[PDB]
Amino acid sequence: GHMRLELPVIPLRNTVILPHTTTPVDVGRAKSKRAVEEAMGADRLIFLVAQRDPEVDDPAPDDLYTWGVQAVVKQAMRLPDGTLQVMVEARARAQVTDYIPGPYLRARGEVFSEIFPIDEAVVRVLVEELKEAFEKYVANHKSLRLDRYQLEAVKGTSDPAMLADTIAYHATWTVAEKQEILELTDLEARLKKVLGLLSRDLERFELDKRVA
């Protein structure tokens, strides 16, 4: 089973947040600011969930993907425009299913841990494959540029779940693609999916290089 938490929800217009990342979320909507205030009132805990359609201004629960993350609001400060900049530390995958009627989005959702890697030796091999593929991916990417610290961090990650999520964070993949990664709670399947996307992209980059 999984812990079930009742938290406010921030709907993300066109981004997917992965666990093991700390990122700024700029929110302009009143209901989103309300959700942040409510999360501050109860240990900073919040759910973040991508919208299916970035154009929806006041999403119903149904307008949001099922999978998101449970996070901690580490900081929230106003920018010069009304904008609230929220620093979110994403901690865990969440299946955010059961919403509560009210003046902002609030839901009960199941939060997932990682469990011990099951086939440990297979997972260790996939970790090595992922690190090698990621180095090539960044080296051959025509738009994405990581500094030495970001690359070092991926190479130096020994936690397979953190590795896969960090790669997925950096990679230029669509909302749908990152949602597919979020929903893979099985570690081996998640590692293989991320490896698969990297490998496909490496082949695509070679094709784009030829045709240009």
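Counting begins at 1, following the sequence as shown.
Participant: Looking only at CA atoms, which has the higher mean B factor in the entry: 104-112 or 138-146?
Facilitator: Mean CA B-factor is higher for 138-146.
Participant: Highest mean C-alpha temperature factor of the two stretches 78-86 and 126-134, which is it?
Facilitator: Mean C-alpha B-factor is greater for 78-86.
Participant: Comparing recorded Cα B-factors across 60, 46, 153, 27, which one is largest?
Facilitator: If I rank 60, 46, 153, 27 by C-alpha B-factor, first place goes to 27.
Participant: Consider only the C-alpha atoms of the modelled residues in this chain, order them by B-factor as the entry records it, and name the third containing residue 121: lowest, middle or highest.
Facilitator: As the PDB entry reports it, the C-alpha B-factor of residue 121 lands in the highest third of its chain.
Participant: Just say lowest, middle or highest third for the CA B-factor of residue 167 relative to the other modelled residues in its chain.
Facilitator: For residue 167, whose C-alpha B-factor we compare with every modelled residue in the chain, the answer is the lowest third.
Participant: Using the temperature factors of the C-alpha atoms in this entry, rank residue 187 within its chain: lowest, middle or highest third.
Facilitator: It falls in the top third of the chain.
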